């Protein structure tokens, strides 16, 4: 298999090294060679990082300058920047005052107000870097499915659309963080059955109560609990679509 010198095709300029690390990370390559490339760029050891992505406000060069300056002004010294289609993605090393919300606020003006903007969670090491860049890429590709997107879009806002695009990270989160959390450890717990039944029956409290032989208030209470544990409120049309998707993922995976 190709070594880091093969990958570099004789180049030693950091622009090429950066673009190469960017493409490796975006394409899910997290092996030692990528660790070496990030090493060369200055990303030492088990670093923390996060990503911001969107469409440049005026130009790619202008946005890149703005982002490097903002990272510098906040006490950081590493940010890997690359383009993907019309999108510019930036992976910042979390150090000094470079933290996600503050960094996102500082660079927002360099991104078009007329296009989606996404801020990733903090992730660790090269594998996290790849994760941050990919969830950012998939979120931006998924954003058009959303009627009224937050700005910036954050976190798990686009799970089902990301899953539809083939994002393994989104499938896994729907399985682990929604479906499996709903199920819990106790199989006699009624929450999962109640959410499932509620969705099946048109998001009707009355029909769910009728189906399950419980008081409507009891269904209400269970849905609220499921909202607390998963972050998704079945009574909200957007969240209900997310939950429905999670149940499909879970059922296909477990049977």
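Numbering follows the first chain given and starts at 1.
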Inset, instruction - Name the higher of the two by mean Cα B-factor in the PDB entry, 105-113 versus 163-171. - result: 105-113
Legend entry - Higher-scoring stretch by recorded Cα B factor average, 57-65 or 26-34: 57-65
Legend entry - Identity of residue with top Cα B-factor, from 99, 120, 148, 141: 148
Legend entry - residue 94, C-alpha B-factor rank within chain (lowest, middle or highest third): middle
Legend entry - Where the record places residue 230 (Cα B-factor, split into thirds across the chain): middle
Inset, instruction - Among all modelled residues of this chain, ranked by Cα B factor, put residue 249 in the bottom, middle or top third, i.e. lowest, middle or highest. - result: lowest
Inset, instruction - Could you say whether, by C-alpha temperature factor, residue 4 belongs to the lowest, middle or highest third of its chain? - result: middle
Inset, instruction - Could you tell me which third, lowest, middle or highest, the C-alpha B-factor of residue 72 occupies within its chain? - result: highest
